[PDB]
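Heads up, the thing below is written out as structure tokens.
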Amino acid sequence: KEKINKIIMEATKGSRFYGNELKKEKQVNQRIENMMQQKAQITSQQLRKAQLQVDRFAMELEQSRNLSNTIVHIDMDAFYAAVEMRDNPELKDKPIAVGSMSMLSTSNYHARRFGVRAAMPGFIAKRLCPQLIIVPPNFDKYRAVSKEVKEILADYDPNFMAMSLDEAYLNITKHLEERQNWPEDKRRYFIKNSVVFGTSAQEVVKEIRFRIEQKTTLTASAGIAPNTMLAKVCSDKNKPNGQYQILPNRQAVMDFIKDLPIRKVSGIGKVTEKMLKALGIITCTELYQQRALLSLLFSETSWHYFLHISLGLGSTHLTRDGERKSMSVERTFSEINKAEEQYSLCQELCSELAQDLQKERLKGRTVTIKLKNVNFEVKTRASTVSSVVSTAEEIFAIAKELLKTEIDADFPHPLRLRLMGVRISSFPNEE
DNA sequence: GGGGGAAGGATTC
DNA sequence: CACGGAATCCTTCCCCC
Ligand SMILES: Nc1ncnc2c1ncn2[C@H]1C[C@H](O)[C@@H](COP(=O)(O)OP(=O)(O)OP(=O)(O)O)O1
Ligand SMILES: [Ca+2]
Ligand SMILES: [Ca+2]
């Protein structure tokens, strides 16, 4: 059934949307032509110099390899899909998918065999699965089912820190310590009879995958590695409802990534993947022995990242206690080109922004407005201030101008918008 | 020269 | 019958000291 693309492509070609992609895709394909050339003109000598620099560095990274923490990553299974299939049985053995007709968020495994995967227009999906059932999301439910899963994690790490509703990291390195010598009374749980769990990190995670099960009906995969970088990759190795671990010794970390696809990493995306295969980089093992050249093509802050993924290095301290940098609200709709109407919705927006921006009492000193053209061309203007602006009023006050500035710049021709947005940032976060 | 800040990308759930 | 919303981090420039 791999000829899905013959329906996917077949129903995107002309699309206002597709057209825009080409440029996004060309522009990038060129950022590459540039990188390839700028490279080809590097002194076969500079590498000797570079190499030394790099190697030297690594040698040290390697010396401070922190293999003492046992990080765990829990990742729910088709979370939004699952939750709904649970609450409304009539679905159960049918092909569903949370989201709308425009964009789909998750999909149960059965609906996936048709091609329905996250981030795929709703209408498109129904072409691969006419018998589909699209359920509109109710974040108020999920947000809540999550907190029941969290309360369970807590009994394992007070500062668990959660990346999202379906993901979360844990440092069971401490709970592990105080468990080795524990009776069997604190390690048995009732079914619905009992089952008792061991002391290995393998079992501790098995107990968590269990406590959750029997308190939601939902299942989730998990990974266990010395650092958070591998944990995220490891949880998916044996999904759904499963897990995988990488022991603490060096070799494990190495033998693991040895032939691991660079993209798989929780940071390498569509661009970095293409952009890197350009130099022939596919696995971390390859990447590692191109450390010289890399060091002279990607800004410093970057090859640092790559060098890490080469050695199998990740973080080992789940910061915790959300700092928060920005905060926003946006929305797409039907072409709104009418002059007046613009400020109009903008009013409503800023309102919501401040509105939501109140529960937590914060105040930033720079507003950002986002205007998305009818042909998916974005543009974002923002202006800084002296204040700490907070009330719905204060905000619009600025946003209206920035918005105006554009209507003029492109004045006697209307601004055919498809989406608009207002993001507030620059919080003092206490000085 | 260096230290933000604005613009627009890349990434993930 | 027409490709989300929200956060955060990164890549380049241009501007004021
Ligand atoms: N663009 C998106 N918007 C909202 N949610 C998304 C988006 N992309 C993915 N997700 C969510 C929906 C699912 O919970 C999940 C699917 O992506 P995936 O990379 O497989 O994560 P996952 O491993 O946690 O989910 P799964 O158990 O389905 O495999 O992430
Ligand atoms: Ca999930
Ligand atoms: Ca995952």
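Where a number appears in this text, it was derived from the coordinates with a stated rule and is not lab data. With ideal geometry, Cβ positions are generated from the backbone for all residues, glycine too; neighbour counts draw on all protein chains shown.
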Exercise for the section: Taking a cut-off of 16 Å between Cα atoms, list the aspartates and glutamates near A:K49, but don't count ones fewer than 8 places away on the same chain. Expected result: A:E300
Handout entry: Neighbourhood net charge (14 Å Cβ-Cβ; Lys/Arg +1, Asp/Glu -1) for A:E62
Key = +2
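From the square roots a ≥ b ≥ c of the eigenvalues of the alpha-carbon gyration tensor of the stretch A:184-343, which class results: rounded (a/c under 1.5), prolate (a/b over b/c), or oblate?
oblate
Under 1.5 on a/c is rounded, so check that first for the stretch A:32-166, then, if it is not, pick prolate when a/b is larger than b/c and oblate when it is not; a ≥ b ≥ c are the square roots of the alpha carbon gyration tensor eigenvalues. Display every interim value, and only then the final one.
On the way: a/c = 4.04, a/b = 1.63, b/c = 2.48.
Cα axes put the stretch A:32-166 in the oblate bin.
Can you give the local net charge around A:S100? Use residues other than it whose beta-carbon is closer than 15 angstrom to its beta-carbon, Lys and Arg +1, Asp and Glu -1. Mind showing how you got there, number by number?
Values: positive: A:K126, A:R331; negative: A:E84.
Net local charge, A:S100 excluded: +1.
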Practice task
Using only alpha carbons, build the gyration tensor for chain A and give me the equivalent ellipsoid semi-axes, biggest first, whole Å.
Solution key: 39, 32, 25
Practice task
Filter the trypsin sites (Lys or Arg not before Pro) in the stretch A:1-92 down to the DSSP loop ones having no more than 10 other Cβ atoms within 10 Å, then list what survives.
Solution key: A:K1, A:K3, A:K13
Handout entry: 222 nm mean residue ellipticity, helices alone, for chain A (DSSP H n ≥ 4; -39,500 (n - 2.57); rounded to 500)
Key = -13000 deg cm²/dmol
Handout entry: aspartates and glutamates with Cα under 15 Å of A:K150, excluding same-chain neighbours fewer than 8 positions away
Key = A:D75, A:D166, A:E167, A:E207, A:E213, A:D321
Fill in the blank from the handout: A correct fewest-to-most ranking of A:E90, A:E348 by other Cβ atoms within 10 Å would be A:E90, A:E348
Fill in the blank from the handout: Checked the stretch A:311-431 against the a/c 1.5 cut and the a/b vs b/c comparison, axes a ≥ b ≥ c from its Cα gyration tensor; verdict prolate
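For every other residue with a beta carbon closer than 15 angstrom to the beta carbon of A:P261, add +1 if it is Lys or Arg and -1 if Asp or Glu, then tell me the sum.
Values: positive: A:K232, A:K237, A:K258, A:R263, A:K264, A:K270, A:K274, A:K277; negative: A:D236, A:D259, A:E273, A:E286.
It works out to a net charge of +4.
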